[PDB]
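S.K.: Here's a structure for you.
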Amino acid sequence: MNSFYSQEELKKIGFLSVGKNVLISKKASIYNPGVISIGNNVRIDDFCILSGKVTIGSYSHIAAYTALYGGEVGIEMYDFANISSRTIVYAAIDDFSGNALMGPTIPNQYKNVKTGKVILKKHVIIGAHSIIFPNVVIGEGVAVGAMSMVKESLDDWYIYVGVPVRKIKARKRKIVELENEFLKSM
Amino acid sequence: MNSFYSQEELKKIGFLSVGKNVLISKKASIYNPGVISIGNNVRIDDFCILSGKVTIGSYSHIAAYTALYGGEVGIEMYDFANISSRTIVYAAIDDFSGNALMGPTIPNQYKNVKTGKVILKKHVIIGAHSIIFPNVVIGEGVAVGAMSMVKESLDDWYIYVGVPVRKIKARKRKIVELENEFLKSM
Amino acid sequence: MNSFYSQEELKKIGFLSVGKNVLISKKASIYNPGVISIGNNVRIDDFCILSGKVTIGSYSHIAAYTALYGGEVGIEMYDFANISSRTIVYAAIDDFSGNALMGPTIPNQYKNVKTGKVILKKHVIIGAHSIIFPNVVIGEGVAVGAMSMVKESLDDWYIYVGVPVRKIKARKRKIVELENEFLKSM
Ligand SMILES: CC(C)(COP(=O)(O)OP(=O)(O)OC[C@H]1O[C@@H](n2cnc3c(N)ncnc32)[C@H](O)[C@@H]1OP(=O)(O)O)[C@@H](O)C(=O)NCCC(=O)NCCS
Ligand SMILES: CC(C)(COP(=O)(O)OP(=O)(O)OC[C@H]1O[C@@H](n2cnc3c(N)ncnc32)[C@H](O)[C@@H]1OP(=O)(O)O)[C@@H](O)C(=O)NCCC(=O)NCCS
Ligand SMILES: CC(C)(COP(=O)(O)OP(=O)(O)OC[C@H]1O[C@@H](n2cnc3c(N)ncnc32)[C@H](O)[C@@H]1OP(=O)(O)O)[C@@H](O)C(=O)NCCC(=O)NCCS
Ligand SMILES: Cc1cn([C@H]2C[C@H](O)[C@@H](COP(=O)(O)OP(=O)(O)O[C@H]3O[C@H](C)[C@@H](N)[C@H](O)[C@H]3O)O2)c(=O)[nH]c1=O
Ligand SMILES: Cc1cn([C@H]2C[C@H](O)[C@@H](COP(=O)(O)OP(=O)(O)O[C@H]3O[C@H](C)[C@@H](N)[C@H](O)[C@H]3O)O2)c(=O)[nH]c1=O
Ligand SMILES: Cc1cn([C@H]2C[C@H](O)[C@@H](COP(=O)(O)OP(=O)(O)O[C@H]3O[C@H](C)[C@@H](N)[C@H](O)[C@H]3O)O2)c(=O)[nH]c1=O
Ligand SMILES: [Cl-]
């Protein structure tokens, strides 16, 4: 079976914008669909949470349990980006340092929230159980491994692993040739 | 949108005690609520689980996916403690050594469950995707980083990271001041 | 207060096979029950996902949030095997190298999915927040620590930790007697 909303159910959600062949679990949470644009051929799985400003392009899988906290600044994924299960992407984060109170029970003037657009460029893949922090551009074709923590921007076409991640090898570009192949045959 | 119970449904859950301005997700799970006590200005998000003895004070966020397995001995959080997404706090665990059978499918006399009260003191923040094992006090003002694992009590006012955690630098104490300033404020 | 199906609703799911004393959360997701079999005395908790080909023996707990993506080649667990919360087992994963396109939105010609049966032998325990990848045999009596990642088969009766896992000590085998002793009671 599957848990995906109908085309009929989907247009009732109220997305800023939703494309063709979009498959979204009835078990995801979508908060403020008003600020969420989704392109074509996108699958969002069980127990995802998308909240605040989120832009997804086309050909992207958001695997189960993944939370995207877009806040005001937003999270944007370009085409052919994918995110494996249990990832968190934060576009805002509280100050852990001891210099500020923390979290949504507390008025902003006591906190020191860090906020910044998070961008995943084309062909980015994020491995399972990973965390991406605010104000981070994940460069084109970057792979980050499972269980990775990314606190700053990542250079294009590299593979990274660890907490926090380190650059371990080049990502191959064959994928770009297959993109063009795939598209050409449509 | 939002997924919270109204103050009216909350009253029907049958909590040991629940204060005001409590926002609990309808997508969270609550088992044995008659041993669960929640103070004022608490938020518990989608997909959290609270099970068995759990005591939360005030000005606390339990972010999404976080499981608090309080068992019979309990987990207690003091005021201004917050737990980030996908954290687990166990007050009991099975013996992994090979010296016992394991899990809820096996009866106790063949197991060797390790149990003990867990306490998160005031101003503790627990980073996302972290695990706290039983019989542990997380010190006053401690921050535990993301993806960290805690098996022992932690000294006050430090930041710890890793699996298992190590101390990396003092937590700043400004928040004590901010706590007074904020509380004055009302 | 628990969230399990009755034995009656269980039969309405359409498992290849379901034993007795099987406690499955209504909050778990089960996809393609037709290829899933479960033996006796098994508990599957909230927000679990079982997808594709999955075979569970007896006396096994699959804890909250755990995802078993059995695909076509399958995941098998033998008796007395248990998986702690927020674990992922994959029988298939995409190629992260950059030599292929990725994920369920892309046709198979353009991908290079690696596939392989995952087997957990008797008495295996997998710690919370762990990830097991395809084509892996976890030998009998293996314990994998929390927050660990397994890409290769594991030697029987050892304890392994880390990302990727390294062997750290033997598992005790007192478990083997206890099993005999307990089964006698039955
Ligand atoms: C990143 C990954 C692609 C690396 O695979 P690889 O290219 O086969 O690299 P190796 O296995 O040789 O590892 C290279 C180095 O990185 C380390 N490493 C590999 N993956 C790591 C990870 N996730 N975290 C930390 N270290 C990692 C290895 O220990 C090795 O270190 P060394 O050079 O110090 O020995 C793979 O390990 C991974 O993390 N895959 C994620 C799969 C996934 O999440 N899939 C979702 C379902 S599609
Ligand atoms: C713990 C944290 C606050 C430390 O950040 P920082 O004070 O800026 O410290 P740095 O990034 O300089 O790192 C200091 C050391 O700890 C390591 N480190 C930092 N965070 C780590 C983590 N979570 N796990 C393991 N190692 C970590 C760094 O590698 C560095 O090691 P080194 O001195 O051996 O090089 C931050 O890394 C973190 O984990 N934040 C969690 C945020 C979160 O979960 N938010 C939830 C939503 S509000
Ligand atoms: C694997 C585990 C059982 C080991 O515990 P232990 O036998 O008491 O071993 P120790 O705590 O002495 O650690 C031994 C070594 O392994 C390292 N280690 C222990 N657990 C680790 C883990 N989960 N990840 C990485 N390293 C780990 C230690 O740092 C130590 O390293 P060193 O030899 O380099 O100093 C335990 O740490 C663990 O992970 N338990 C998982 C519990 C769980 O998930 N329970 C689910 C609820 S029932
Ligand atoms: C996870 C999930 C599955 N399903 C249904 C519909 C699907 O067609 C079917 C199988 O989905 P699946 O996710 O088990 O299998 P796949 O479609 O192969 O995808 C999975 O394996 C890949 C190698 C990974 N890259 C993905 O991250 C992982 O989700 O089950 C749902 O309806 N909702 C879900 O959340
Ligand atoms: C996650 C979640 C959200 N919501 C709704 C109600 C909320 O007011 C709204 C916004 O929630 P949000 O969590 O997206 O955004 P914030 O309210 O800023 O909270 C979040 O960012 C912080 C900087 C972190 N420290 C928190 O751990 C993180 O959860 O969405 C729910 O109703 N239920 C939920 O579980
Ligand atoms: C997690 C969960 C709990 N429950 C209900 C019925 C249960 O009998 C009761 C308590 O179960 P619990 O998981 O809170 O507690 P326990 O039955 O002790 O089990 C737990 O502690 C062990 C030491 C760990 N090995 C397990 O991984 C952990 O799940 O709550 C549910 O109905 N559904 C659930 O998903
Ligand atoms: Cl999760």
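Following the order of the structure tokens, first chain is A, next is B, and so on, with residues numbered from 1 inside each chain and ligands from 1 in the order they appear.
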Near chain A, meaning an atom within 6 Å, which residues of chain B appear when counting only C-alpha atoms? Write them as an mmCIF file with N, CA and C atoms, in the first residue's frame.
M.R.:
data_model
loop_
_atom_site.group_PDB
_atom_site.id
_atom_site.type_symbol
_atom_site.label_atom_id
_atom_site.label_comp_id
_atom_site.auth_asym_id
_atom_site.auth_seq_id
_atom_site.Cartn_x
_atom_site.Cartn_y
_atom_site.Cartn_z
ATOM 1 N N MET B 1 -0.729 25.603 10.074
ATOM 2 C CA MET B 1 -1.653 25.331 11.228
ATOM 3 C C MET B 1 -0.921 25.145 12.573
ATOM 4 N N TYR B 59 8.599 26.570 31.435
ATOM 5 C CA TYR B 59 9.388 27.158 30.362
ATOM 6 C C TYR B 59 10.294 26.105 29.728
ATOM 7 N N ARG B 171 29.924 26.453 29.964
ATOM 8 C CA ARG B 171 28.703 27.125 29.534
ATOM 9 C C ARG B 171 28.738 28.501 30.189
ATOM 10 N N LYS B 172 28.465 29.547 29.418
ATOM 11 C CA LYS B 172 28.212 30.858 30.004
ATOM 12 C C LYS B 172 26.995 30.988 30.909
ATOM 13 N N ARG B 173 27.142 31.838 31.915
ATOM 14 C CA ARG B 173 26.127 31.933 32.957
ATOM 15 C C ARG B 173 25.209 33.142 32.823
ATOM 16 N N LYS B 174 25.357 33.905 31.743
ATOM 17 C CA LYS B 174 24.463 35.036 31.468
ATOM 18 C C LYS B 174 22.979 34.707 31.648
ATOM 19 N N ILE B 175 22.605 33.444 31.428
ATOM 20 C CA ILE B 175 21.183 33.095 31.333
ATOM 21 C C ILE B 175 20.443 33.156 32.659
#
S.K.: Would you list the residues that come within 7 Å of ligand 5? Count only C-alpha atoms and all ligand atoms and give the answer as a count of residues only.
M.R.: 25
S.K.: Among stretch 3-159 of chain C, which ones does DSSP place in alpha helix (DSSP H), written as JSON, numbers by chain?
M.R.: {"C": [7, 8, 9, 10, 11]}
S.K.: Go ahead and write the selection's residues with N, CA, C and O atoms as a compact mmCIF listing (two decimals), in the first residue's frame.
M.R.:
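See result13.txt below for the written result:
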# COMPACT_ATOMS: atom_id res chain seq x y z
N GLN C 7 -6.05 -8.47 18.58
CA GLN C 7 -5.74 -9.65 17.76
C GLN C 7 -6.64 -9.75 16.53
O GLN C 7 -6.25 -10.30 15.50
N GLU C 8 -7.83 -9.16 16.64
CA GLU C 8 -8.85 -9.16 15.59
C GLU C 8 -8.49 -8.22 14.44
O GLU C 8 -8.57 -8.59 13.27
N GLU C 9 -8.13 -6.98 14.79
CA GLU C 9 -7.72 -6.02 13.77
C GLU C 9 -6.44 -6.53 13.10
O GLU C 9 -6.19 -6.27 11.92
N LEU C 10 -5.63 -7.27 13.85
CA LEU C 10 -4.41 -7.79 13.26
C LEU C 10 -4.74 -8.60 12.01
O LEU C 10 -4.14 -8.37 10.95
N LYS C 11 -5.70 -9.52 12.12
CA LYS C 11 -6.06 -10.35 10.96
C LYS C 11 -6.55 -9.52 9.76
O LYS C 11 -6.29 -9.91 8.62
S.K.: Check stretch 2-161 of chain C with DSSP on the backbone and list each residue it calls strand (DSSP E), as a ChimeraX atom specification.
M.R.: /C:17-18,22-24,29-31,36-38,42-44,49-56,60-62,67-77,82-83,88-90,92-93,114-115,118-120,125-126,131-132,137-138,143-144,149-150,158-161
S.K.: Rounded to one decimal in Å, what is the spacing between atom CA of residue C:158 and atom 9 (O, counted along the ligand's line) of ligand 3?
M.R.: 12.1 Å
S.K.: Suppose you want the space between atom 30 (C, counted along the ligand's line) of ligand 1 and atom CA of residue B:166; what is it in Å?
M.R.: 22.6 Å
S.K.: Rounded to one decimal, what separation in Å do you get between atom 14 (C, counted along the ligand's line) of ligand 2 and atom CA of residue B:161?
M.R.: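 Between atom 14 (C, counted along the ligand's line) of ligand 2 and atom CA of residue B:161 the gap is 8.2 Å.
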S.K.: If we count only C-alpha atoms and set the cut-off at 8 Å, which residues sit around residue A:124, ignoring sequence neighbours fewer than 4 positions away in its own chain? Please answer as a PyMOL selection string.
M.R.: chain A and resi 80-82+120+138-143
S.K.: Considering only C-alpha atoms, return as a PyMOL selection string whatever protein or nucleic-acid residues lie within 7 Å of residue B:133, sequence-local ones (same chain, fewer than 5 positions apart) excluded.
M.R.: chain B and resi 89-91+150-151
S.K.: For ligand 2, which of B:186, B:83, B:128, B:176 is the closest residue, counting only C-alpha atoms and all ligand atoms?
M.R.: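 Of the candidates, the smallest distance to ligand 2 is held by B:128.
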